[PDB]
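First up is the structure itself, then whatever we jot down about it.
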Amino acid sequence: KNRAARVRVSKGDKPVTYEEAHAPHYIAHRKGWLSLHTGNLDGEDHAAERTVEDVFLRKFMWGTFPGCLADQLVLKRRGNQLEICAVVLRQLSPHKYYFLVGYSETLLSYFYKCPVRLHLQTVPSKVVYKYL
Amino acid sequence: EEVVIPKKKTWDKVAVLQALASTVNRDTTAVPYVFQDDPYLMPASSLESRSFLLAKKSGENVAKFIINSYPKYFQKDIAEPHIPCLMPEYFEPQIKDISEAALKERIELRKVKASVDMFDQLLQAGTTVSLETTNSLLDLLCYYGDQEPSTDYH
Amino acid sequence: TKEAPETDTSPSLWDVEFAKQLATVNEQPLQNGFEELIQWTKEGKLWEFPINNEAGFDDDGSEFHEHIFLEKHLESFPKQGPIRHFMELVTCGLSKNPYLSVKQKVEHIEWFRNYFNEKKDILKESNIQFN
Amino acid sequence: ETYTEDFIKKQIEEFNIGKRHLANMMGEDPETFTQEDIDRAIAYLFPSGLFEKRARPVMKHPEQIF
Amino acid sequence: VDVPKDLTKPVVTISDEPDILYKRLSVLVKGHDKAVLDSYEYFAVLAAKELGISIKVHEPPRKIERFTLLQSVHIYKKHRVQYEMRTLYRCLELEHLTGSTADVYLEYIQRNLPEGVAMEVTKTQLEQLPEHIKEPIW
Amino acid sequence: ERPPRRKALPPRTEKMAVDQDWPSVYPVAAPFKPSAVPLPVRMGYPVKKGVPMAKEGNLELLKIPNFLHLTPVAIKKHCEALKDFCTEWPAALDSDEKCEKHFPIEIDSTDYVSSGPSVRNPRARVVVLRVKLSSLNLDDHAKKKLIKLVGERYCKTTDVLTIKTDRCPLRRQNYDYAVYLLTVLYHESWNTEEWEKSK
Amino acid sequence: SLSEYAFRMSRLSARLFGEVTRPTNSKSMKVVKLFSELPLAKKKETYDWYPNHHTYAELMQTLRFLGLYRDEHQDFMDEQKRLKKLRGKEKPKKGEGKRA
Amino acid sequence: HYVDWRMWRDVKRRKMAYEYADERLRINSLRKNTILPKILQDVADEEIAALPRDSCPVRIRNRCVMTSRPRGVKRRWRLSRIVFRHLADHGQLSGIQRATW
Ligand SMILES: [Mg+2]
Ligand SMILES: [Mg+2]
């Protein structure tokens, strides 16, 4: 039996989001890619450095906003710009969100030497696609 | 037969962006652009407006404090063209010799206490300090009232 | 007004500080997205469009003839013989190299000038005259 | 999920109001904007390459969706 | 009611140097997603028409790169997972442009290049014979 | 907890008029914000007896590279502001044949737009120079000598000499080299050497 | 297998286009290939193959000690290491170990 | 802080090889031809053999940058087949999908 990135049926009480409810064979049929850059296009360079950056950014944001992220990040690259789109929860105070946005945007711009923006979308609770 | 080639048109690097910016007007339904465009994060009062920006500025200062405290972590330059503004800043004097030329650095760094102490040491050693260098020290001392300029943290 | 200002004279701390206050009166928060892009462009953070892949990189303002014609540097070497032939192959490769600066290509040639100078005794045993 | 009749009625009002914004965005007449123009506009504004068309962004009348 | 009375327009200065002449610009764009290339084409064609540029669009054939990997961490060689990367193309061919026009159009469309889409702009430049070649010196 | 939890304001799409200036809402490329886009757009493969997911917290809509900042109204307004930067193509050069007569040489260069921190691309340095040998003042001997010197760079069918240069780090250096090669080829072709009598 | 005219025209073209002019065998032509490209060790793919794991590890360790990064993994191994001290499975002193 | 001591040894080899690349290129050119005298080429043979062993480029190994796996690595991403699949199957690699045809 295949295992890769499959949430397995339980007793019908496990809430899954739309992203985690779709197995890998749907990545270009029902769900899209969580990162969009040019590295993996034909004749394009630096796929390796883009990949390492994505892995770091996903871990940095998970620990920088502990318990706030409601779903996976969407990493966007346009030219020199890096745009991080995060769906967060409405539990942490707004003051603390603004502090962390100013802190993460500055710290990441100096680390990867590019203009970095963080776009937060707040949800009251995790969006449940189905109960498995 | 002769063909007339048009004269070239030259503009600044930001001119095209400024032309596109003129076409749009302020969106009345939105709060100022500096704020996060989200119902939960949008400021809902005049006080929140000030505090939300102050929190964002505090975050930026904390990041800058870390960047300058640990330059090593932000010294890998992968940008082309190189971006000077996104590199760490070094505020400490790198010339440790006691000389007039080494003193000029501390005045450029605006180290009021270091410069005065070094100027005194230089004078005690008996080496010559140029009038221009002494005048530069007075400018630094007179402007700041013989007090250290504010810094991020000690 | 004054016919010629003291442009060569550097500004004093007071002049620098006063110029920073004149910036503050006009300082406002970014008003829209276009303004953010304009600020980054002026700061040098954002790329300048249309995209030029050599933006900010010039190979020390070297000319094409400096890269391609490197025989000027071979003058210290023998005009004829095996060393000349070998070096002609070295410079031919270097002339076809777009990844090296002119300074780096000269370093390669300079290293050979020293190596053969150290091995002159061996070269004389092989009936090769260097310098 | 059960969709009561009042909920459907609120969804219809939203479609009609949204339909007028979509015509305003695309610079067309709100009064002759058809469902085939809506689909063309949504395809341009929200380009999705997902092979399955049922996974692509849709803006249909609530009567055809629910 | 709160409308700016006057607007500062960006300064464009006509220089005293002759402008470059472009016989053709071939703006090839690569993307994993076809719908995104369709939207970009509609943008770039509409922009060209409003600026007076002559634009012809054609779709070069797509390229699919496939490679195979082992499915299990250890042994079970017969079982493989196969991955692919699809690169779709759209070639926007401008014609009879000038250096200034090309600069404006290219900046406008390149700034609006969507994430995950690359570009290769081949610029054919009309030139005149060098002065040295006009006649032989020997 | 002194007060109740902070309550999110209603979305500002409820304040938007149906005749607003939309380009003012999305002036530049930005991520899809469900609170700012006044469209009941749904996305997501529907569950059995279900409907595509709503836009709030919808990660699929966030993954799309939207064109909300490039509506037909915005594009026409944008281009009206950019007409001042354009110069007029010479009316004389109506056809390609007219271009070739007045401008025989064609220089091809390529620019590569990729996403990342570095703009550098080693393919951008290549310069291609094309010139038809009929546009050059070549006699019979010179034309024959040139075709022999260049080799496969010359195409008999089109009568075009293609000189590709990629030796130097920069495109400007490769352009100067291509022009230089054409110059020495022209003059060397005209020069007649004594050993040419052994043909 | 070339005429005198063909040979001398080929040598002129080689001089014009910057190619090897003297007669050179295939073995010695390697010198031209060696200096026309970067050595494999000098290519950015080679010497910058790995990410600087020191920078990442040290940065994220400092940010944890500063209170700005929560390392769930490091928290997990700090609780385990704490429960092993109460259980008596503590790391011994270096040099003064069980053996001697 | 590298994944293991093996990765750390490869990191040092890549560094030393980079430092000696020019010197090794120059000496090899002396050896890789029939023009120069064999006496000179013999001295060059000894000189390149006396350089530190870890400067030899053939000793570098393309290990997975995340897990240090020495085999099964895809050179374009520098990732092992197990780590690459983990990122691809979660939709975190731009444009990479499962192939069916
Ligand atoms: Mg199976
Ligand atoms: Mg090996």
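Within each chain, counting starts at residue 1; across the structure tokens, chains are named A, B, ... in the order shown, with ligands numbered 1 upward in that order.
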
Test item: residues lying within 9 Å of ligand 2 with only C-alpha atoms and all ligand atoms, as a PyMOL selection string: chain H and resi 57-62

Please list as an MDAnalysis selection string every residue within 9 Å of residue 72 in chain F, counting only C-alpha atoms and excluding residues in the same chain fewer than 3 positions away. (chainID D and resid 25:27) or (chainID E and resid 43 46) or (chainID F and resid 75:77)

Deliver the residues from the most recent selection as a file, using N, CA, C and O atoms, as a PDB file, in the first residue's frame.
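And here's part.pdb as it stands now:
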ATOM      1  N   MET D  25     -15.432  45.394 -13.184  1.00  0.00           N
ATOM      2  CA  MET D  25     -14.002  45.119 -13.289  1.00  0.00           C
ATOM      3  C   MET D  25     -13.576  44.999 -14.745  1.00  0.00           C
ATOM      4  O   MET D  25     -12.561  45.570 -15.158  1.00  0.00           O
ATOM      5  N   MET D  26     -14.342  44.257 -15.539  1.00  0.00           N
ATOM      6  CA  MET D  26     -13.997  43.982 -16.925  1.00  0.00           C
ATOM      7  C   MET D  26     -14.444  45.085 -17.875  1.00  0.00           C
ATOM      8  O   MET D  26     -14.226  44.964 -19.084  1.00  0.00           O
ATOM      9  N   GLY D  27     -15.058  46.146 -17.364  1.00  0.00           N
ATOM     10  CA  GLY D  27     -15.471  47.255 -18.206  1.00  0.00           C
ATOM     11  C   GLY D  27     -16.560  46.903 -19.196  1.00  0.00           C
ATOM     12  O   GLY D  27     -16.504  47.341 -20.352  1.00  0.00           O
TER      13      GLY D  27
ATOM     14  N   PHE E  43      -2.928  39.844 -21.600  1.00  0.00           N
ATOM     15  CA  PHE E  43      -2.330  41.082 -21.106  1.00  0.00           C
ATOM     16  C   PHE E  43      -1.337  41.682 -22.091  1.00  0.00           C
ATOM     17  O   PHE E  43      -1.405  42.876 -22.400  1.00  0.00           O
ATOM     18  N   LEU E  46      -2.980  42.902 -25.398  1.00  0.00           N
ATOM     19  CA  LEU E  46      -3.763  44.109 -25.156  1.00  0.00           C
ATOM     20  C   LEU E  46      -2.859  45.308 -24.906  1.00  0.00           C
ATOM     21  O   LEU E  46      -3.141  46.417 -25.372  1.00  0.00           O
TER      22      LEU E  46
ATOM     23  N   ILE F  75      -5.377  48.130 -17.814  1.00  0.00           N
ATOM     24  CA  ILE F  75      -4.378  48.054 -18.877  1.00  0.00           C
ATOM     25  C   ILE F  75      -4.503  49.249 -19.810  1.00  0.00           C
ATOM     26  O   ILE F  75      -3.502  49.860 -20.199  1.00  0.00           O
ATOM     27  N   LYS F  76      -5.733  49.604 -20.182  1.00  0.00           N
ATOM     28  CA  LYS F  76      -5.932  50.725 -21.093  1.00  0.00           C
ATOM     29  C   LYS F  76      -5.535  52.037 -20.433  1.00  0.00           C
ATOM     30  O   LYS F  76      -4.981  52.927 -21.087  1.00  0.00           O
ATOM     31  N   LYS F  77      -5.812  52.171 -19.138  1.00  0.00           N
ATOM     32  CA  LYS F  77      -5.401  53.362 -18.406  1.00  0.00           C
ATOM     33  C   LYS F  77      -3.886  53.405 -18.244  1.00  0.00           C
ATOM     34  O   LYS F  77      -3.267  54.466 -18.376  1.00  0.00           O
TER      35      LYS F  77
END

So which residues touch residue 35 in chain A within 9 Å, counting only C-alpha atoms, skipping near sequence neighbours fewer than 2 positions away, as a ChimeraX atom specification? /A:32-33,37,54,73-77 /E:116 /F:63 /H:91-95

List all protein, DNA and RNA residues that have at least one atom no more than 12 Å from any atom of ligand 1, counting only C-alpha atoms and all ligand atoms, and write them as a count of residues only. 13

Residue hits in chain A, query chain H, radius 12 Å, only C-alpha atoms, as a PyMOL selection string: chain A and resi 2-7+19-58+72-77

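Note that the spacing between CA of residue 127 in chain F and CA of residue 107 in chain F amounts to 6.9 Å.
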
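Of the listed residues B:8, B:58, B:1, B:134, the one whose atoms come nearest to chain E is B:8, with distances taken using only C-alpha atoms.
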
Within 12 Å of residue 43 in chain H using only C-alpha atoms, minus same-chain residues under 6 positions, as a ChimeraX atom specification: /C:115-116,118-119,122-123 /H:27-28,30-31,36-37,49-50

Hey, can you spit out that residue selection with N, CA and C atoms as a JSON list (two decimals), in the first residue's frame?
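Resulting contents of part_25.json:
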[["chain", "number", "residue", "atom", "x", "y", "z"],
["C", 115, "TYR", "N", 57.61, 29.93, -13.20],
["C", 115, "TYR", "CA", 57.91, 28.50, -13.17],
["C", 115, "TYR", "C", 59.08, 28.17, -14.09],
["C", 116, "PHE", "N", 59.05, 28.66, -15.33],
["C", 116, "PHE", "CA", 60.14, 28.40, -16.26],
["C", 116, "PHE", "C", 61.43, 29.06, -15.80],
["C", 118, "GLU", "N", 62.35, 29.25, -12.71],
["C", 118, "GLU", "CA", 62.90, 28.34, -11.70],
["C", 118, "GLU", "C", 63.49, 27.09, -12.33],
["C", 119, "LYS", "N", 62.95, 26.65, -13.47],
["C", 119, "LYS", "CA", 63.38, 25.42, -14.12],
["C", 119, "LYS", "C", 64.35, 25.67, -15.27],
["C", 122, "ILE", "N", 66.93, 22.84, -15.78],
["C", 122, "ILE", "CA", 66.40, 21.69, -16.50],
["C", 122, "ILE", "C", 66.24, 22.02, -17.98],
["C", 123, "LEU", "N", 65.73, 23.22, -18.29],
["C", 123, "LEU", "CA", 65.50, 23.59, -19.68],
["C", 123, "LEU", "C", 66.81, 23.65, -20.46],
["H", 27, "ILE", "N", 49.79, 23.04, -13.21],
["H", 27, "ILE", "CA", 50.75, 21.95, -13.27],
["H", 27, "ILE", "C", 50.29, 20.87, -14.24],
["H", 28, "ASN", "N", 48.98, 20.59, -14.27],
["H", 28, "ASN", "CA", 48.47, 19.57, -15.17],
["H", 28, "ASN", "C", 48.68, 19.97, -16.63],
["H", 30, "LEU", "N", 51.16, 21.51, -17.84],
["H", 30, "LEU", "CA", 52.53, 21.15, -18.17],
["H", 30, "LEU", "C", 52.65, 19.68, -18.52],
["H", 31, "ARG", "N", 51.84, 18.83, -17.89],
["H", 31, "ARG", "CA", 51.91, 17.39, -18.09],
["H", 31, "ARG", "C", 51.11, 16.91, -19.29],
["H", 36, "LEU", "N", 56.49, 20.03, -24.33],
["H", 36, "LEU", "CA", 57.55, 20.33, -23.38],
["H", 36, "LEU", "C", 58.45, 19.11, -23.17],
["H", 37, "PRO", "N", 59.70, 19.33, -22.76],
["H", 37, "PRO", "CA", 60.62, 18.20, -22.56],
["H", 37, "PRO", "C", 60.11, 17.25, -21.49],
["H", 49, "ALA", "N", 51.77, 15.40, -7.52],
["H", 49, "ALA", "CA", 51.58, 14.26, -6.63],
["H", 49, "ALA", "C", 51.88, 14.62, -5.18],
["H", 50, "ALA", "N", 52.65, 15.68, -4.94],
["H", 50, "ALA", "CA", 52.99, 16.10, -3.59],
["H", 50, "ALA", "C", 51.95, 17.02, -2.97]]

Would you write out, as CSV, a table of all residues in chain E that have an atom no more than 6 Å from an atom of chain H, listing for each the closest atom pair and the distance in Å to one decimal, considering only C-alpha atoms and ordering rows by chain and rising residue number?
residue,atom,partner,partner_atom,distance
E:32,CA,H:95,CA,5.8
E:82,CA,H:99,CA,5.3
E:83,CA,H:98,CA,4.4
E:84,CA,H:99,CA,4.9
E:85,CA,H:96,CA,5.1

Write out the residues from the selection above, keeping C-alpha atoms, as an mmCIF file, in the first residue's frame.
data_model
loop_
_atom_site.group_PDB
_atom_site.id
_atom_site.type_symbol
_atom_site.label_atom_id
_atom_site.label_comp_id
_atom_site.auth_asym_id
_atom_site.auth_seq_id
_atom_site.Cartn_x
_atom_site.Cartn_y
_atom_site.Cartn_z
ATOM 1 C CA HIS E 32 4.125 25.051 -15.882
ATOM 2 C CA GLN E 82 7.828 8.455 -11.960
ATOM 3 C CA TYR E 83 7.773 12.265 -11.879
ATOM 4 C CA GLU E 84 7.440 14.861 -14.634
ATOM 5 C CA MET E 85 7.951 18.588 -15.172
#

Show me, as a short mmCIF file (atom, residue, chain, number, x, y, z; two decimals) with C-alpha atoms, in the first residue's frame, every residue of chain E with an atom at most 8 Å from chain D, counting only C-alpha atoms.
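After the write, out04.cif holds the following:
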data_model
loop_
_atom_site.label_atom_id
_atom_site.label_comp_id
_atom_site.auth_asym_id
_atom_site.auth_seq_id
_atom_site.Cartn_x
_atom_site.Cartn_y
_atom_site.Cartn_z
CA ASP E 33 0.51 26.26 -16.13
CA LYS E 34 -1.24 26.87 -19.45
CA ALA E 35 -4.07 29.03 -18.10
CA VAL E 36 -1.53 31.46 -16.64
CA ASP E 38 -3.18 32.46 -21.61
CA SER E 39 -3.86 35.31 -19.19
#

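For the pair CA of residue 34 in chain H and CA of residue 89 in chain C, the separation is 12.1 Å.
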
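For the choices B:102, B:47, B:15, B:67, the atom-to-atom distance to chain G is smallest for B:67 when using only C-alpha atoms.
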
Using only C-alpha atoms, I'd like every residue of chain A that has an atom within 8 Å of chain G; please write them out as a ChimeraX atom specification. /A:52,60,63-64,66

Residue 9 in chain E surroundings by only C-alpha atoms, 7 Å radius, close-in-sequence under 2 positions cut, as a PyMOL selection string: (chain B and resi 19) or (chain E and resi 7+11)

Selected residues, N, CA, C and O atoms, written as a PDB file, in the first residue's frame, please.
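Saved file part.pdb follows:
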ATOM      1  N   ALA B  19       4.772  56.740 -13.616  1.00  0.00           N
ATOM      2  CA  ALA B  19       3.690  56.920 -14.576  1.00  0.00           C
ATOM      3  C   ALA B  19       2.514  56.011 -14.250  1.00  0.00           C
ATOM      4  O   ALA B  19       1.356  56.439 -14.314  1.00  0.00           O
TER       5      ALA B  19
ATOM      6  N   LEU E   7      -1.263  66.615 -10.826  1.00  0.00           N
ATOM      7  CA  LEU E   7      -0.446  65.417 -10.693  1.00  0.00           C
ATOM      8  C   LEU E   7       0.910  65.657 -11.337  1.00  0.00           C
ATOM      9  O   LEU E   7       0.987  66.151 -12.466  1.00  0.00           O
ATOM     10  N   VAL E  11       9.225  62.861 -15.689  1.00  0.00           N
ATOM     11  CA  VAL E  11       9.928  63.637 -16.705  1.00  0.00           C
ATOM     12  C   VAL E  11      10.559  62.686 -17.714  1.00  0.00           C
ATOM     13  O   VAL E  11      11.360  61.818 -17.349  1.00  0.00           O
TER      14      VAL E  11
END

Contact check, chain B to chain F, at most 9 Å, counting only C-alpha atoms, closest pairs as a tab-separated table:
residue	atom	partner	partner_atom	distance
B:2	CA	F:102	CA	8.5
B:3	CA	F:92	CA	6.1
B:4	CA	F:90	CA	6.5
B:5	CA	F:90	CA	6.0
B:6	CA	F:88	CA	6.5
B:7	CA	F:87	CA	7.6
B:8	CA	F:87	CA	7.2
B:9	CA	F:85	CA	6.7
B:10	CA	F:85	CA	8.1
B:11	CA	F:85	CA	8.0
B:16	CA	F:82	CA	7.3
B:19	CA	F:81	CA	5.9
B:20	CA	F:78	CA	5.8
B:21	CA	F:27	CA	8.0
B:22	CA	F:81	CA	8.1
B:23	CA	F:78	CA	6.6
B:24	CA	F:24	CA	5.2
B:25	CA	F:24	CA	5.6
B:26	CA	F:24	CA	6.4
B:27	CA	F:24	CA	5.5
B:28	CA	F:16	CA	9.0
B:29	CA	F:12	CA	6.3
B:30	CA	F:12	CA	7.2
B:37	CA	F:33	CA	7.9
B:38	CA	F:35	CA	6.8
B:39	CA	F:9	CA	5.0
B:40	CA	F:8	CA	4.2
B:41	CA	F:8	CA	7.7
B:42	CA	F:9	CA	8.1
B:44	CA	F:9	CA	8.0
B:78	CA	F:117	CA	6.3
B:79	CA	F:117	CA	4.8
B:80	CA	F:118	CA	4.1
B:81	CA	F:118	CA	6.8
B:82	CA	F:118	CA	8.7

Select all residues from chain G having any atom no more than 10 Å from an atom of chain F (counting only C-alpha atoms, ignoring ligands), output as a PyMOL selection string. chain G and resi 3-6+8-14+16-17+36

Write a file of the selected residues as an mmCIF file, in the first residue's frame, keeping N, CA and C atoms.
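File written: out.cif
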data_model
loop_
_atom_site.group_PDB
_atom_site.id
_atom_site.type_symbol
_atom_site.label_atom_id
_atom_site.label_comp_id
_atom_site.auth_asym_id
_atom_site.auth_seq_id
_atom_site.Cartn_x
_atom_site.Cartn_y
_atom_site.Cartn_z
ATOM 1 N N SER G 3 45.283 20.741 -50.199
ATOM 2 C CA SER G 3 46.137 21.483 -51.112
ATOM 3 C C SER G 3 46.863 22.599 -50.367
ATOM 4 N N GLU G 4 47.955 23.073 -50.968
ATOM 5 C CA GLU G 4 48.683 24.195 -50.384
ATOM 6 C C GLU G 4 47.769 25.398 -50.199
ATOM 7 N N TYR G 5 46.904 25.661 -51.179
ATOM 8 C CA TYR G 5 45.976 26.781 -51.067
ATOM 9 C C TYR G 5 44.991 26.557 -49.927
ATOM 10 N N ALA G 6 44.414 25.356 -49.848
ATOM 11 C CA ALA G 6 43.464 25.065 -48.780
ATOM 12 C C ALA G 6 44.132 25.135 -47.414
ATOM 13 N N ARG G 8 46.793 26.896 -46.487
ATOM 14 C CA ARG G 8 47.149 28.261 -46.116
ATOM 15 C C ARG G 8 45.917 29.117 -45.859
ATOM 16 N N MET G 9 44.794 28.799 -46.505
ATOM 17 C CA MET G 9 43.552 29.505 -46.211
ATOM 18 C C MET G 9 43.003 29.093 -44.853
ATOM 19 N N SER G 10 43.146 27.814 -44.496
ATOM 20 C CA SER G 10 42.715 27.364 -43.179
ATOM 21 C C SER G 10 43.557 28.000 -42.080
ATOM 22 N N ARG G 11 44.857 28.171 -42.325
ATOM 23 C CA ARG G 11 45.720 28.782 -41.322
ATOM 24 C C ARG G 11 45.433 30.268 -41.171
ATOM 25 N N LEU G 12 45.032 30.934 -42.255
ATOM 26 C CA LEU G 12 44.653 32.339 -42.162
ATOM 27 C C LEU G 12 43.353 32.500 -41.386
ATOM 28 N N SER G 13 42.357 31.663 -41.686
ATOM 29 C CA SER G 13 41.101 31.715 -40.947
ATOM 30 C C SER G 13 41.325 31.444 -39.465
ATOM 31 N N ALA G 14 42.207 30.496 -39.141
ATOM 32 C CA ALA G 14 42.491 30.206 -37.738
ATOM 33 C C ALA G 14 43.123 31.407 -37.047
ATOM 34 N N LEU G 16 42.602 34.508 -38.027
ATOM 35 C CA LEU G 16 41.576 35.545 -37.983
ATOM 36 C C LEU G 16 40.628 35.335 -36.811
ATOM 37 N N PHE G 17 40.194 34.097 -36.588
ATOM 38 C CA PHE G 17 39.186 33.788 -35.586
ATOM 39 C C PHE G 17 39.781 33.404 -34.239
ATOM 40 N N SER G 36 40.385 27.160 -21.256
ATOM 41 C CA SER G 36 39.208 27.800 -21.824
ATOM 42 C C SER G 36 37.982 27.667 -20.934
#
